[PDB]
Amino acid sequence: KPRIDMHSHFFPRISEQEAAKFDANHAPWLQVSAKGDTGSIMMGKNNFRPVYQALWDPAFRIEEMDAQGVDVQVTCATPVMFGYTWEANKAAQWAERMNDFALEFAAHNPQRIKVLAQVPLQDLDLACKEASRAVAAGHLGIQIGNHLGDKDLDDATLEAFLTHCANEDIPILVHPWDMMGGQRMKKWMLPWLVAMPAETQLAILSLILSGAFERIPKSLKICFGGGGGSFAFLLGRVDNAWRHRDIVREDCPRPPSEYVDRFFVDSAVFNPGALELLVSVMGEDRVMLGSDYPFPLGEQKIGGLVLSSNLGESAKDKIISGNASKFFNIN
């Protein structure tokens, strides 16, 4: 009965040169200090965002997985690696290259470290190919971004991808990215605080209200990050709209709240009360422990929030261990 944290990130050892072979303006790459303790994700010549050793160093990662008490970690690509705006073939190469890095990262000790794969989601055919290929090679599932430009999960291209995954029994983690807002949310990390949970909610409602869950096989294992954003809280607002407006009701047959039996969320909500509403809405079976390691905005003491909760001992075990062992079939 170990701790399994199923939402962490990594960034591969890519040089400006190798990145430039893909796109000297848009391919992210990794610059490490000469010491080797600090580092920066770089976009072309520009500095994207400063980072640290646990993101790229698998040996170093463990030592922190030890002091935190985490026994198995699922990790996946930092969202800046997605490449959804690039040209299909170039992106398909990129995903493959990235997914091999993830295996090299993982293979250092593939018992405590599982990976998820990225896919050229702008191109359905290549995206399925990469998903299958990658899982067959070791990955325990896929992580995708919650939208693709003006396409939300209700889009047929994205509904088809989910359907491929269900049929192939490949678990998906859905991550918000490329946040809405435009020029309204520069300061104070507002995009992490306002737009990310809104993106996630939108993803979730898009599946539910479009009807998608009626068409997508119940075998689909799908998980949303950040506790489903602000979903659980505004659900009542949503049922109410379904109950009193035909246009909200058109493509959605059952009341939206019944659909929480079709997906999973992570536990990253940062507040005991918020976590108790979340479990209430989702059930102890559908909530998995996620940290967002090693980003500053993640919980510094992984598992801490759940562990301190006024929750059943069985509930805690599930969220901390049980649910992801099933979901990702880690054993």
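Don't overthink the numbering: it's just position in the shown sequence, from 1.
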Looking only at CA atoms, which has the higher mean B factor in the entry: 197-205 or 87-95? 87-95
Between 101-109 and 122-130, the record assigns the higher mean Cα B factor to 101-109
Whose CA atom has the top B-factor in the entry, of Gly273, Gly290, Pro50, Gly283? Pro50
In terms of the CA temperature factor given in the entry, to which third of its chain does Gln183 belong: lowest, middle or highest? highest
Is the Cα B-factor recorded for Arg254 in the lowest, middle or highest third of its chain? highest
Against its chain's modelled residues, does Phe60's Cα B factor rank lowest, middle or highest third? highest
Select lowest, middle or highest to describe the third in which the CA B-factor of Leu30 falls within its chain in this entry. middle
C-alpha B factor of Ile41, ranked within the chain: lowest, middle or highest third? highest
